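Only one chain is included here, represented as C-alpha cells and corresponding to the form deposited in one PDB entry.
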C-alpha cells in the first residue's frame, strides 16, 4: 500500500502508539519481573519506564514500515537492552549475542526462581520420572516437558526438573560439598542442579526465528480484529520467550517485542499482574493455553 523510502519497503499504515497512555505508575512496571515470592528502586522503575518509552517508539517505527521483520524488532529490543548495561560490562557480549549449541542452556531453580518449584510439582501435565546423575546418582523428579507444534513437527522446548527426595538431597549435597568443595560443586551444580530448567536446544533457533518472522508478518496486518491481534501477540511472546534466542536477556527482548507490536496497533498493554512473570508463565505452558490466558496475566483489560 504505502512505501517507506528509508528502508525501501512497502507496507500498510497502522495506528501508531495510542495517545491515551498508561499511568506513570504502570509505565514503571513494564518489563519488570515481579516474582510472587517478592525490588522497585529508582533504578528498577527507570529501567521499566525506559522500556515503555522505547516500546512505543519501536511501535511507531513498525506502523510506518520502519521495522520490517521480527529479526529487526528483536534487534531494536537488544540495542535498548544493551543500553541499560553498566559501562565495561563483561556480560555485554552475552546480552548482545544469539545462543549456540556449545553454550549455557540451563537455569538452576534456586532464588529468585524458588516459586517455580511448586508450579512444576503441581503442574497438571507434570510426570514423575527417574533422573540419572553422575553425582547424586538416580533421583525422583517431577518433570514438565514443554513442547511445540511446528509444521507438523512436535519439538521439545523447555524441560523443568524438580527433585522430590528432600532429605536424601540434603545429605547428598553435604557429602559432595566436602568431596568436591563449594567451588567444584557449584560448577557441576550450574548445569546439574537437581532443581533446574533445561532450555530449548539451540539447534531449533533457526526454524523458530523463521516462525517468529511469519507471526510478525501476520501481526502487522491492518485488517485484524483486536481479538485476532491479541492472540498473535501472545503467540509471538510465547515462542520468543520459550525459545530464549539470546545467551542473555531473552525475557526482556521477548516482552519488548510483543508490546512493540501491540503498540503499533494502538493497543496500550498494561503491565503483568504481580506474581506473573511472563517468560516463566510461557515456559510452563503449551502455546494454545498460553494464548487463552494471556489477557488474564495482565492487569486490567
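Superpose the two forms; the largest set of C-alphas matching within 1.5 Å is the rigid core. Numbering follows the first chain given and starts at 1.
Another form, the form deposited in another entry, is not on view; read the next lines as being about it.
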TODO: Might you check 210, 104, 165, 129 and identify the only one whose CA position changes by 2 Å or more between the shown form and the other one on rigid-core superposition?
DONE: 104
Task: Core-aligned C-alpha movement of residue 87 between the shown form and the other one reaching 2 Å - done: yes
TODO: Might you say whether the CA atoms of residue 87 and residue 91 end up closer or farther apart in that other deposited form than in this form? Their distance differs by 3 Å or more.
DONE: closer
